[PDB]
file start.cif (mmCIF, N, CA and C atoms)
data_query
loop_
_atom_site.label_atom_id
_atom_site.label_comp_id
_atom_site.auth_asym_id
_atom_site.auth_seq_id
_atom_site.Cartn_x
_atom_site.Cartn_y
_atom_site.Cartn_z
N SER F 57 79.47 62.17 106.07
CA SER F 57 80.87 62.10 106.49
C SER F 57 81.78 62.79 105.48
N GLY F 58 81.54 62.55 104.19
CA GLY F 58 82.35 63.19 103.17
C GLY F 58 82.21 64.70 103.17
N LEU F 59 81.00 65.20 103.39
CA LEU F 59 80.78 66.64 103.39
C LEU F 59 81.44 67.30 104.59
N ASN F 60 81.35 66.68 105.76
CA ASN F 60 82.02 67.24 106.94
C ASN F 60 83.53 67.22 106.76
N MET F 61 84.08 66.12 106.25
CA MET F 61 85.52 66.07 106.01
C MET F 61 85.95 67.07 104.95
N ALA F 62 85.09 67.33 103.96
CA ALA F 62 85.40 68.33 102.95
C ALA F 62 85.39 69.74 103.53
N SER F 63 84.48 70.00 104.47
CA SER F 63 84.50 71.27 105.19
C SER F 63 85.82 71.44 105.94
N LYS F 64 86.25 70.38 106.63
CA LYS F 64 87.53 70.40 107.33
C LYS F 64 88.69 70.70 106.37
N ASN F 65 88.69 70.02 105.22
CA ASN F 65 89.75 70.21 104.23
C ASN F 65 89.74 71.63 103.68
N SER F 66 88.56 72.20 103.45
CA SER F 66 88.46 73.56 102.95
C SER F 66 89.02 74.55 103.96
N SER F 67 88.74 74.33 105.24
CA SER F 67 89.32 75.18 106.27
C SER F 67 90.84 75.07 106.30
N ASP F 68 91.36 73.85 106.13
CA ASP F 68 92.81 73.67 106.07
C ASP F 68 93.42 74.45 104.91
N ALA F 69 92.77 74.39 103.74
CA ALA F 69 93.23 75.15 102.59
C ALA F 69 93.21 76.65 102.86
N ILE F 70 92.18 77.13 103.56
CA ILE F 70 92.12 78.54 103.91
C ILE F 70 93.31 78.91 104.79
N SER F 71 93.66 78.04 105.73
CA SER F 71 94.81 78.30 106.60
C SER F 71 96.10 78.41 105.79
N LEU F 72 96.31 77.46 104.87
CA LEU F 72 97.47 77.51 103.98
C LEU F 72 97.54 78.82 103.20
N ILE F 73 96.41 79.22 102.61
CA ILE F 73 96.39 80.44 101.80
C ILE F 73 96.68 81.66 102.66
N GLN F 74 96.14 81.69 103.88
CA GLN F 74 96.43 82.79 104.79
C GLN F 74 97.92 82.86 105.11
N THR F 75 98.56 81.69 105.24
CA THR F 75 100.00 81.67 105.48
C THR F 75 100.74 82.34 104.32
N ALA F 76 100.39 81.97 103.09
CA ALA F 76 101.08 82.54 101.93
C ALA F 76 100.85 84.05 101.82
N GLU F 77 99.62 84.50 102.05
CA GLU F 77 99.34 85.94 101.98
C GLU F 77 100.12 86.71 103.04
N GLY F 78 100.17 86.17 104.26
CA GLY F 78 100.97 86.80 105.30
C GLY F 78 102.44 86.85 104.94
N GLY F 79 102.93 85.82 104.23
CA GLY F 79 104.29 85.87 103.73
C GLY F 79 104.51 87.00 102.75
N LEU F 80 103.54 87.24 101.86
CA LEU F 80 103.72 88.25 100.82
C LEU F 80 103.49 89.68 101.31
N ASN F 81 102.81 89.87 102.44
CA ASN F 81 102.66 91.21 103.00
C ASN F 81 104.01 91.85 103.30
N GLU F 82 104.94 91.09 103.86
CA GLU F 82 106.26 91.64 104.17
C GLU F 82 107.06 91.88 102.90
N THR F 83 106.83 91.08 101.86
CA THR F 83 107.40 91.37 100.55
C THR F 83 106.96 92.74 100.07
N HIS F 84 105.66 93.04 100.15
CA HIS F 84 105.17 94.38 99.83
C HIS F 84 105.92 95.45 100.61
N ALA F 85 106.02 95.25 101.93
CA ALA F 85 106.62 96.27 102.79
C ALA F 85 108.07 96.56 102.41
N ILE F 86 108.89 95.51 102.28
CA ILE F 86 110.30 95.74 102.00
C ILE F 86 110.49 96.22 100.56
N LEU F 87 109.57 95.88 99.65
CA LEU F 87 109.64 96.45 98.31
C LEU F 87 109.40 97.96 98.34
N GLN F 88 108.43 98.40 99.15
CA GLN F 88 108.22 99.84 99.33
C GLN F 88 109.48 100.50 99.87
N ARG F 89 110.10 99.88 100.88
CA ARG F 89 111.32 100.44 101.45
C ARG F 89 112.44 100.53 100.41
N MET F 90 112.58 99.49 99.58
CA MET F 90 113.59 99.46 98.53
C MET F 90 113.35 100.56 97.50
N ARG F 91 112.09 100.79 97.13
CA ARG F 91 111.78 101.87 96.20
C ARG F 91 112.15 103.22 96.80
N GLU F 92 111.84 103.42 98.08
CA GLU F 92 112.22 104.66 98.76
C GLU F 92 113.73 104.85 98.72
N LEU F 93 114.48 103.78 99.02
CA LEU F 93 115.94 103.82 98.98
C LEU F 93 116.46 104.17 97.59
N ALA F 94 115.87 103.59 96.55
CA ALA F 94 116.31 103.89 95.19
C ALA F 94 116.03 105.34 94.82
N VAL F 95 114.85 105.85 95.17
CA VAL F 95 114.52 107.24 94.86
C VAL F 95 115.47 108.19 95.58
N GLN F 96 115.88 107.83 96.80
CA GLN F 96 116.86 108.65 97.50
C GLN F 96 118.25 108.53 96.89
N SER F 97 118.67 107.32 96.53
CA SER F 97 119.96 107.10 95.89
C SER F 97 120.08 107.81 94.55
N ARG F 98 118.97 108.02 93.86
CA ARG F 98 118.94 108.52 92.49
C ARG F 98 119.43 109.96 92.37
N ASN F 99 119.38 110.73 93.45
CA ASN F 99 119.76 112.14 93.43
C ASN F 99 121.28 112.30 93.42
N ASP F 100 121.75 113.41 92.85
CA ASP F 100 123.17 113.68 92.69
C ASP F 100 123.80 114.38 93.89
N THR F 101 123.04 114.61 94.96
CA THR F 101 123.64 115.05 96.21
C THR F 101 124.57 113.98 96.79
N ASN F 102 124.31 112.72 96.48
CA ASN F 102 125.06 111.61 97.05
C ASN F 102 126.33 111.36 96.25
N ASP F 103 127.42 111.06 96.96
CA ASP F 103 128.73 110.84 96.36
C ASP F 103 129.11 109.37 96.41
N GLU F 104 129.59 108.86 95.28
CA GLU F 104 130.21 107.54 95.26
C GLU F 104 131.56 107.53 95.98
N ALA F 105 132.25 108.67 96.03
CA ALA F 105 133.57 108.72 96.64
C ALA F 105 133.51 108.47 98.14
N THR F 106 132.69 109.25 98.85
CA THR F 106 132.57 109.13 100.30
C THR F 106 131.45 108.18 100.71
N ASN F 107 131.11 107.21 99.87
CA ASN F 107 130.37 106.01 100.27
C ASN F 107 128.94 106.34 100.69
N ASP F 108 128.31 107.31 100.02
CA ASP F 108 126.92 107.66 100.32
C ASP F 108 125.96 106.60 99.77
N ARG F 109 126.17 106.18 98.53
CA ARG F 109 125.28 105.20 97.90
C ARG F 109 125.61 103.77 98.27
N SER F 110 126.85 103.47 98.67
CA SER F 110 127.18 102.10 99.05
C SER F 110 126.49 101.68 100.34
N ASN F 111 126.15 102.64 101.21
CA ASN F 111 125.36 102.29 102.39
C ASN F 111 123.91 101.98 102.03
N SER E 57 105.58 107.89 99.14
CA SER E 57 106.98 107.82 99.57
C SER E 57 107.89 108.51 98.56
N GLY E 58 107.67 108.26 97.27
CA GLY E 58 108.48 108.90 96.25
C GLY E 58 108.35 110.41 96.25
N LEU E 59 107.13 110.91 96.46
CA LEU E 59 106.91 112.35 96.45
C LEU E 59 107.56 113.02 97.65
N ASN E 60 107.46 112.40 98.83
CA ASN E 60 108.12 112.96 100.00
C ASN E 60 109.64 112.95 99.84
N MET E 61 110.19 111.85 99.33
CA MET E 61 111.63 111.79 99.11
C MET E 61 112.07 112.80 98.05
N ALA E 62 111.22 113.05 97.05
CA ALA E 62 111.54 114.04 96.04
C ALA E 62 111.52 115.45 96.62
N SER E 63 110.60 115.72 97.54
CA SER E 63 110.61 116.99 98.26
C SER E 63 111.93 117.16 99.02
N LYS E 64 112.35 116.11 99.72
CA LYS E 64 113.63 116.13 100.43
C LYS E 64 114.79 116.42 99.47
N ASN E 65 114.81 115.74 98.33
CA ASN E 65 115.87 115.93 97.35
C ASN E 65 115.87 117.35 96.79
N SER E 66 114.69 117.91 96.55
CA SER E 66 114.60 119.28 96.04
C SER E 66 115.15 120.27 97.06
N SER E 67 114.85 120.05 98.34
CA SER E 67 115.42 120.91 99.37
C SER E 67 116.94 120.80 99.41
N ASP E 68 117.47 119.58 99.25
CA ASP E 68 118.91 119.39 99.20
C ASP E 68 119.53 120.17 98.04
N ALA E 69 118.89 120.10 96.87
CA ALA E 69 119.37 120.86 95.71
C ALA E 69 119.35 122.36 95.98
N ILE E 70 118.31 122.84 96.67
CA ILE E 70 118.24 124.26 97.02
C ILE E 70 119.42 124.64 97.91
N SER E 71 119.77 123.76 98.85
CA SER E 71 120.91 124.03 99.73
C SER E 71 122.21 124.13 98.93
N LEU E 72 122.42 123.19 98.01
CA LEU E 72 123.59 123.23 97.13
C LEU E 72 123.67 124.54 96.35
N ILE E 73 122.55 124.94 95.75
CA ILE E 73 122.53 126.15 94.93
C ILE E 73 122.82 127.37 95.79
N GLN E 74 122.26 127.41 97.01
CA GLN E 74 122.55 128.52 97.91
C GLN E 74 124.03 128.58 98.24
N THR E 75 124.67 127.42 98.39
CA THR E 75 126.11 127.40 98.64
C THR E 75 126.86 128.06 97.49
N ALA E 76 126.52 127.68 96.25
CA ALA E 76 127.22 128.25 95.10
C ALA E 76 126.99 129.76 94.98
N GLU E 77 125.75 130.22 95.19
CA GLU E 77 125.48 131.65 95.11
C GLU E 77 126.24 132.43 96.18
N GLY E 78 126.28 131.90 97.40
CA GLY E 78 127.08 132.53 98.44
C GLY E 78 128.55 132.57 98.09
N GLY E 79 129.04 131.55 97.40
CA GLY E 79 130.41 131.59 96.91
C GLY E 79 130.64 132.72 95.92
N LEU E 80 129.68 132.95 95.03
CA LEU E 80 129.86 133.96 93.98
C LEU E 80 129.63 135.40 94.46
N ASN E 81 128.94 135.58 95.59
CA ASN E 81 128.78 136.93 96.14
C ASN E 81 130.14 137.57 96.45
N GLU E 82 131.06 136.81 97.03
CA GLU E 82 132.37 137.36 97.34
C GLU E 82 133.19 137.60 96.07
N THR E 83 132.96 136.79 95.04
CA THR E 83 133.54 137.08 93.73
C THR E 83 133.11 138.45 93.24
N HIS E 84 131.81 138.74 93.31
CA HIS E 84 131.32 140.09 92.98
C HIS E 84 132.06 141.16 93.77
N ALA E 85 132.16 140.97 95.08
CA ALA E 85 132.75 141.99 95.95
C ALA E 85 134.20 142.27 95.58
N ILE E 86 135.02 141.22 95.46
CA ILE E 86 136.43 141.45 95.19
C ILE E 86 136.63 141.93 93.75
N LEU E 87 135.72 141.59 92.83
CA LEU E 87 135.80 142.16 91.49
C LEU E 87 135.56 143.66 91.52
N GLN E 88 134.59 144.11 92.31
CA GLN E 88 134.38 145.54 92.49
C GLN E 88 135.63 146.21 93.04
N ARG E 89 136.24 145.59 94.05
CA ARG E 89 137.46 146.16 94.63
C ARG E 89 138.58 146.24 93.60
N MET E 90 138.73 145.20 92.77
CA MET E 90 139.75 145.17 91.73
C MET E 90 139.52 146.26 90.69
N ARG E 91 138.26 146.48 90.31
CA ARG E 91 137.96 147.56 89.38
C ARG E 91 138.32 148.92 89.97
N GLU E 92 138.00 149.12 91.25
CA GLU E 92 138.38 150.36 91.93
C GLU E 92 139.89 150.55 91.91
N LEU E 93 140.63 149.49 92.21
CA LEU E 93 142.09 149.53 92.19
C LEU E 93 142.63 149.87 90.80
N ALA E 94 142.04 149.29 89.75
CA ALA E 94 142.50 149.59 88.40
C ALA E 94 142.22 151.03 88.02
N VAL E 95 141.03 151.54 88.36
CA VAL E 95 140.71 152.93 88.04
C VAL E 95 141.65 153.88 88.76
N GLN E 96 142.05 153.53 89.99
CA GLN E 96 143.03 154.35 90.69
C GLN E 96 144.42 154.23 90.09
N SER E 97 144.84 153.02 89.74
CA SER E 97 146.14 152.79 89.11
C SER E 97 146.27 153.50 87.77
N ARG E 98 145.17 153.71 87.07
CA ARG E 98 145.15 154.20 85.70
C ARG E 98 145.63 155.64 85.58
N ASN E 99 145.57 156.41 86.66
CA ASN E 99 145.96 157.82 86.63
C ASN E 99 147.47 157.98 86.64
N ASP E 100 147.95 159.10 86.07
CA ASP E 100 149.37 159.36 85.92
C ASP E 100 149.99 160.07 87.12
N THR E 101 149.22 160.30 88.18
CA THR E 101 149.82 160.75 89.43
C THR E 101 150.73 159.69 90.03
N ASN E 102 150.48 158.42 89.71
CA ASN E 102 151.23 157.32 90.30
C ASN E 102 152.50 157.06 89.51
N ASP E 103 153.59 156.76 90.23
CA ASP E 103 154.90 156.54 89.64
C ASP E 103 155.28 155.07 89.70
N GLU E 104 155.78 154.56 88.58
CA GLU E 104 156.40 153.24 88.56
C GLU E 104 157.73 153.23 89.30
N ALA E 105 158.42 154.37 89.35
CA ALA E 105 159.75 154.43 89.96
C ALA E 105 159.67 154.18 91.46
N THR E 106 158.84 154.96 92.17
CA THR E 106 158.71 154.85 93.62
C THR E 106 157.59 153.90 94.03
N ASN E 107 157.26 152.92 93.18
CA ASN E 107 156.52 151.73 93.59
C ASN E 107 155.08 152.06 93.99
N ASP E 108 154.45 153.03 93.31
CA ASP E 108 153.06 153.37 93.60
C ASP E 108 152.11 152.32 93.05
N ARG E 109 152.33 151.89 91.80
CA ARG E 109 151.45 150.91 91.17
C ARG E 109 151.77 149.47 91.56
N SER E 110 153.00 149.18 91.96
CA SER E 110 153.33 147.81 92.35
C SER E 110 152.63 147.40 93.64
N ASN E 111 152.28 148.35 94.50
CA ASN E 111 151.48 148.02 95.68
C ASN E 111 150.03 147.70 95.31
#

call {"tool": "encode", "arguments": {"input": "start.cif", "output": "structure tokens"}}
result
Amino acid sequence: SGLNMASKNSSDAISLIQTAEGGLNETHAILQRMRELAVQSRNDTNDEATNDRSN
Amino acid sequence: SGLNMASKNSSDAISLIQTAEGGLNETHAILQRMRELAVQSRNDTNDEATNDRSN
């Protein structure tokens, strides 16, 4: 009984961990997008006057 | 992503530089015209009295 219940508990823990990893995948994605935005903002073609970087 | 955005930025810089060079081409042209005008003005056939050089 203890071993079967421990199997159940281990599966529950796997579900929890999968939830957290799925949460962090979108963190990766939006971090990539933010880096792209910064690399684009970094160039001097963009003007602070006409609100290029504020967008 | 950074390399592609850097390619984009480099193309933007090329566009800017082309704008400036196109601006200076007409500077060259009108400077040539001004030199021609001065070389013509420099001769003593022209009279200050009857407004030859003032034109």

call {"tool": "select_by_dssp", "arguments": {"input": "start.cif", "residues": "chain E", "states": "helix (DSSP H, G or I)", "output": "number ranges by chain"}}
result
E: 58-97

call {"tool": "write_last_selection", "arguments": {"input": "start.cif", "atoms": "N, CA and C atoms", "output": "compact mmCIF listing (two decimals), in the coordinates of the input"}}
result
# COMPACT_ATOMS: atom_id res chain seq x y z
N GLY E 58 107.67 108.26 97.27
CA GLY E 58 108.48 108.90 96.25
C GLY E 58 108.35 110.41 96.25
N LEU E 59 107.13 110.91 96.46
CA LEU E 59 106.91 112.35 96.45
C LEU E 59 107.56 113.02 97.65
N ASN E 60 107.46 112.40 98.83
CA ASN E 60 108.12 112.96 100.00
C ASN E 60 109.64 112.95 99.84
N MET E 61 110.19 111.85 99.33
CA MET E 61 111.63 111.79 99.11
C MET E 61 112.07 112.80 98.05
N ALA E 62 111.22 113.05 97.05
CA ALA E 62 111.54 114.04 96.04
C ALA E 62 111.52 115.45 96.62
N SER E 63 110.60 115.72 97.54
CA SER E 63 110.61 116.99 98.26
C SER E 63 111.93 117.16 99.02
N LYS E 64 112.35 116.11 99.72
CA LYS E 64 113.63 116.13 100.43
C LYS E 64 114.79 116.42 99.47
N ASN E 65 114.81 115.74 98.33
CA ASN E 65 115.87 115.93 97.35
C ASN E 65 115.87 117.35 96.79
N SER E 66 114.69 117.91 96.55
CA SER E 66 114.60 119.28 96.04
C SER E 66 115.15 120.27 97.06
N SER E 67 114.85 120.05 98.34
CA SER E 67 115.42 120.91 99.37
C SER E 67 116.94 120.80 99.41
N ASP E 68 117.47 119.58 99.25
CA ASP E 68 118.91 119.39 99.20
C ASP E 68 119.53 120.17 98.04
N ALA E 69 118.89 120.10 96.87
CA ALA E 69 119.37 120.86 95.71
C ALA E 69 119.35 122.36 95.98
N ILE E 70 118.31 122.84 96.67
CA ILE E 70 118.24 124.26 97.02
C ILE E 70 119.42 124.64 97.91
N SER E 71 119.77 123.76 98.85
CA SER E 71 120.91 124.03 99.73
C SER E 71 122.21 124.13 98.93
N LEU E 72 122.42 123.19 98.01
CA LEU E 72 123.59 123.23 97.13
C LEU E 72 123.67 124.54 96.35
N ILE E 73 122.55 124.94 95.75
CA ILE E 73 122.53 126.15 94.93
C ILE E 73 122.82 127.37 95.79
N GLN E 74 122.26 127.41 97.01
CA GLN E 74 122.55 128.52 97.91
C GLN E 74 124.03 128.58 98.24
N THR E 75 124.67 127.42 98.39
CA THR E 75 126.11 127.40 98.64
C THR E 75 126.86 128.06 97.49
N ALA E 76 126.52 127.68 96.25
CA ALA E 76 127.22 128.25 95.10
C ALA E 76 126.99 129.76 94.98
N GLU E 77 125.75 130.22 95.19
CA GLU E 77 125.48 131.65 95.11
C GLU E 77 126.24 132.43 96.18
N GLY E 78 126.28 131.90 97.40
CA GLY E 78 127.08 132.53 98.44
C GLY E 78 128.55 132.57 98.09
N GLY E 79 129.04 131.55 97.40
CA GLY E 79 130.41 131.59 96.91
C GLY E 79 130.64 132.72 95.92
N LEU E 80 129.68 132.95 95.03
CA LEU E 80 129.86 133.96 93.98
C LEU E 80 129.63 135.40 94.46
N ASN E 81 128.94 135.58 95.59
CA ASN E 81 128.78 136.93 96.14
C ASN E 81 130.14 137.57 96.45
N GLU E 82 131.06 136.81 97.03
CA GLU E 82 132.37 137.36 97.34
C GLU E 82 133.19 137.60 96.07
N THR E 83 132.96 136.79 95.04
CA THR E 83 133.54 137.08 93.73
C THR E 83 133.11 138.45 93.24
N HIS E 84 131.81 138.74 93.31
CA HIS E 84 131.32 140.09 92.98
C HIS E 84 132.06 141.16 93.77
N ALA E 85 132.16 140.97 95.08
CA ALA E 85 132.75 141.99 95.95
C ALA E 85 134.20 142.27 95.58
N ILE E 86 135.02 141.22 95.46
CA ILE E 86 136.43 141.45 95.19
C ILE E 86 136.63 141.93 93.75
N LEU E 87 135.72 141.59 92.83
CA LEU E 87 135.80 142.16 91.49
C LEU E 87 135.56 143.66 91.52
N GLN E 88 134.59 144.11 92.31
CA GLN E 88 134.38 145.54 92.49
C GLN E 88 135.63 146.21 93.04
N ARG E 89 136.24 145.59 94.05
CA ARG E 89 137.46 146.16 94.63
C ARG E 89 138.58 146.24 93.60
N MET E 90 138.73 145.20 92.77
CA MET E 90 139.75 145.17 91.73
C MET E 90 139.52 146.26 90.69
N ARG E 91 138.26 146.48 90.31
CA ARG E 91 137.96 147.56 89.38
C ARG E 91 138.32 148.92 89.97
N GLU E 92 138.00 149.12 91.25
CA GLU E 92 138.38 150.36 91.93
C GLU E 92 139.89 150.55 91.91
N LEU E 93 140.63 149.49 92.21
CA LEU E 93 142.09 149.53 92.19
C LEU E 93 142.63 149.87 90.80
N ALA E 94 142.04 149.29 89.75
CA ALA E 94 142.50 149.59 88.40
C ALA E 94 142.22 151.03 88.02
N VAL E 95 141.03 151.54 88.36
CA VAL E 95 140.71 152.93 88.04
C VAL E 95 141.65 153.88 88.76
N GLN E 96 142.05 153.53 89.99
CA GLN E 96 143.03 154.35 90.69
C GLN E 96 144.42 154.23 90.09
N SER E 97 144.84 153.02 89.74
CA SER E 97 146.14 152.79 89.11
C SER E 97 146.27 153.50 87.77

call {"tool": "resolve_selection", "arguments": {"input": "start.cif", "expression": "the PyMOL selection byres ((chain F and name CA) within 8 of (chain E and name CA))", "output": "ChimeraX atom specification"}}
result
/F:91-92,95-96,99,101

call {"tool": "residues_around", "arguments": {"input": "start.cif", "residues": "residue 111 of chain F", "least_positions_apart": "6", "cutoff": "12 Å", "atoms": "only C-alpha atoms", "output": "PyMOL selection string"}}
result
chain F and resi 93-94+96-97+102-105

call {"tool": "axis_aligned_box", "arguments": {"input": "start.cif", "around": "segment 72-83 of chain E", "padding_each_side": "6 Å", "output": "lines of an AutoDock Vina configuration file"}}
result
center_x = 127.9
center_y = 130.8
center_z = 95.9
size_x = 23.3
size_y = 27.3
size_z = 17.4

call {"tool": "atom_distance", "arguments": {"input": "start.cif", "atom1": "atom CA of residue 98 of chain F", "atom2": "atom C of residue 80 of chain F"}}
result
25.9 Å

call {"tool": "atom_distance", "arguments": {"input": "start.cif", "atom1": "atom CA of residue 78 of chain E", "atom2": "atom CA of residue 109 of chain F"}}
result
27.4 Å

call {"tool": "atom_distance", "arguments": {"input": "start.cif", "atom1": "atom CA of residue 63 of chain F", "atom2": "atom CA of residue 77 of chain F"}}
result
21.1 Å
